[PDB]
Amino acid sequence: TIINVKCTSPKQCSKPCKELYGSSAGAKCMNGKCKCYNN
């Protein structure tokens, strides 16, 4: 469960992932791309 949103922070990735998974989002920023998991 990896998406394609450009980031430079995990709080730039908690924008698409909390629009997806709600509030149970494990939002990780590796390189400059976003991953959306679950808490």
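A Cβ is built for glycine as well, from the same backbone N, Cα and C atoms used for every other residue.
According to Swiss-Prot, the protein carries these features:
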type: DISULFID; residues: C7-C29; note: disulfide bond
type: DISULFID; residues: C13-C34; note: disulfide bond
type: DISULFID; residues: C17-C36; note: disulfide bond
type: MOD_RES; residues: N39; note: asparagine amide
type: REGION; residues: 26-34; note: region 'Interaction with Ca(2+)-activated K(+) channels'
type: SITE; residues: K28; note: site 'Basic residue of the functional dyad'
type: SITE; residues: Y37; note: site 'Aromatic residue of the functional dyad'
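Everything Swiss-Prot records as a feature, shown here on the structure.
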residue: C7; record: disulfide bond; Cβ neighbours (10 Å): 20
residue: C13; record: disulfide bond; Cβ neighbours (10 Å): 25
residue: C17; record: disulfide bond; Cβ neighbours (10 Å): 24
residue: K28; record: site 'Basic residue of the functional dyad'; Cβ neighbours (10 Å): 16
residue: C29; record: disulfide bond; Cβ neighbours (10 Å): 18
residue: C34; record: disulfide bond; Cβ neighbours (10 Å): 22
residue: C36; record: disulfide bond; Cβ neighbours (10 Å): 20
residue: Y37; record: site 'Aromatic residue of the functional dyad'; Cβ neighbours (10 Å): 13
residue: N39; record: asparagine amide; Cβ neighbours (10 Å): 9
Closest of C7, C13, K28, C29 to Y37 (site 'Aromatic residue of the functional dyad'), Cα positions, recorded positions only: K28
Listed recorded positions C13, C36, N39, filtered to Cα within 10 Å of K28 (site 'Basic residue of the functional dyad'): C13, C36
Secondary-structure category, per DSSP, in which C13 (disulfide bond) falls: coil
Whole-number Å only: compute the distance from the Cα of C7 (disulfide bond) to the Cα of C34 (disulfide bond). 6
Measuring Cα to Cα, how many Å separate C17 (disulfide bond) from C29 (disulfide bond)? 11
Three-class DSSP assignment, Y37 (site 'Aromatic residue of the functional dyad'), comes back as coil
Between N39 (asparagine amide) and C29 (disulfide bond), what is the CA-CA distance rounded to a whole number of Å? 15
DSSP, reduced to three states, assigns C29 (disulfide bond) to strand
